Amino acid sequence: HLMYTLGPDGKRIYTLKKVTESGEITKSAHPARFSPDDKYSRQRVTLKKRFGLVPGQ
């Protein structure tokens, strides 16, 4: 009928453990990274950044 477990010396320890699990359930459907396609990258959209021109005659 005790609501606490004693130690090897006689020290009381509140360990009713009435409930099975004792933890805060994390929220589901968390915000996952957005990336449905490869075009998502701003770099892919940006024009050629190589500037490989050939000025001359």
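In this document, every chain is numbered from 1 following its sequence as written, which may not correspond to the numbering used in the entry; residues for which no coordinates exist are not shown. Side-chain numbers come from the whole structure's heavy atoms, not from hydrogens or water.

(A) Fine view of the environment of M3. Strands here mean DSSP runs of E at least two residues long; helices mean DSSP runs of H or I at least four residues long; both are numbered from the N terminus. Within the fold, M3 resides in the segment before strand 1 (5–6). Spatially, the C-alpha atom of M3 lies 59 Å from that of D38, the residues being 35 residues apart in sequence. Leave out the neighbours within four places in its chain, and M3 touches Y14, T15 and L16. Here, two residues are considered to be in contact whenever any of their heavy atoms come within 4.5 Å of each other.

(B) Expanded view of the environment of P36. You can see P36 is positioned in the loop between strand 2 (12–13) and helix 1 (42–45). Burial classes follow relative accessibility: with a 1.4 Å probe on protein chains only, a residue under 20% of its type's maximum area counts as buried, one over 50% as exposed, and anything between as partly exposed. With relative accessibility at 76%, the residue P36 sits in the exposed group. Considering only alpha carbons, one finds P36 and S22, 14 residues apart in sequence, at a separation of 37 Å.

(C) Seen up close, the packing of aromatic side chains. Note on aromatic contacts: the rings of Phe and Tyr and the six-membered ring of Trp form a pair at centre separations within 6.5 Å, being stacked when their planes are under 30 degrees apart, edge-to-face when over 60 apart, and tilted otherwise. Going through the model one piece at a time under the given rule, you end up with 1 aromatic pair. For the pair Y4 and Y14, a centre-to-centre distance of 6.1 Å together with 25° between the ring planes defines the contact as stacked. One end of the pair, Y4, is in the segment before strand 1; the other, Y14, is in the loop between strand 2 and helix 1, with 10 residues separating them in the sequence.

(D) Expanded view of unusual backbone geometry. At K17, a position not held by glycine, the phi torsion is positive, near 55°. One can find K17 in the loop between strand 2 and helix 1. The backbone phi angle of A29 is positive, close to 55°, even though this residue is not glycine. Summarising the element assignment, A29 is placed in the loop between strand 2 and helix 1.

(E) Here's a closer look at the environment of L16. Mapped onto the secondary structure, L16 falls in the loop between strand 2 and helix 1. Taking the C-alpha atoms as reference points, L16 and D37, 21 residues apart in sequence, are found 52 Å from one another.

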